[PDB]
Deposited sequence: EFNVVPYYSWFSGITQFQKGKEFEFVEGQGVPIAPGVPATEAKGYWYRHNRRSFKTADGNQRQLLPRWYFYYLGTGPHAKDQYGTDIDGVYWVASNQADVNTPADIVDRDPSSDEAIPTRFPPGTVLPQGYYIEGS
């Protein structure tokens, strides 16, 4: 959850469940599927949301959840594709030109719900992460 309204992602998140497992995709992979989006526009980044949990008197544990943003949108809309940034993982179809922003409008209000994150057959899924909505 967010105490500052976030940029809304078109897709559900990917939640870490095993610590020590790295968030990664094979180059050319990792752009979630949206109906009718052309492969030339399939370019962007996953953004890590670090979560925090209040102290109790039990065991006293919350793992990061990542959200996808098309290139030129979201909290890292101005950063160059492939630039080394903590918490940002760039992904793009081999059909995409990562020099130009995706021609994709942002999501919300009550106009559209988040698309459950899906990847095409052949996609190497990052071990230790759970895809929300799966």
Enumerate the deposited-sequence segments absent from the coordinates, judged by C-alpha atoms, in order of position. 61-62
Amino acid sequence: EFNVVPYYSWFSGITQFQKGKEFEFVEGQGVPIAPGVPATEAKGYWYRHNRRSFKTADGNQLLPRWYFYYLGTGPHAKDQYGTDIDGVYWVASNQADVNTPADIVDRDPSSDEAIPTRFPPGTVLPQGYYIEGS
From here on, numbers count along this sequence of modelled residues.
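Rigid core: the largest C-alpha set superposing within 1.5 Å between the two forms.
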Fit on the core, then compare CA atoms: does 101-109 or 35-43 lie farther from this form in 6 other deposited structures of this protein? 101-109
Compare the other PDB entries of this protein and indicate whether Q29 is left unmodelled in at least a third of them. no
Counting the other entries of this protein, is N60 left out in at least a third of them? yes
Averaging only over Cα atoms, indicate whether 14-22 or 112-120 has the higher B-factor in the PDB entry. 14-22
Comparing 32-40 with 98-106, where is the mean C-alpha B-factor higher? 98-106
C-alpha B-factor winner, where the candidates are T73, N50, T83, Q61: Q61
When the deposited Cα B-factors of this chain's modelled residues are ordered and cut into thirds, is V91 in the lowest, the middle or the highest one? lowest
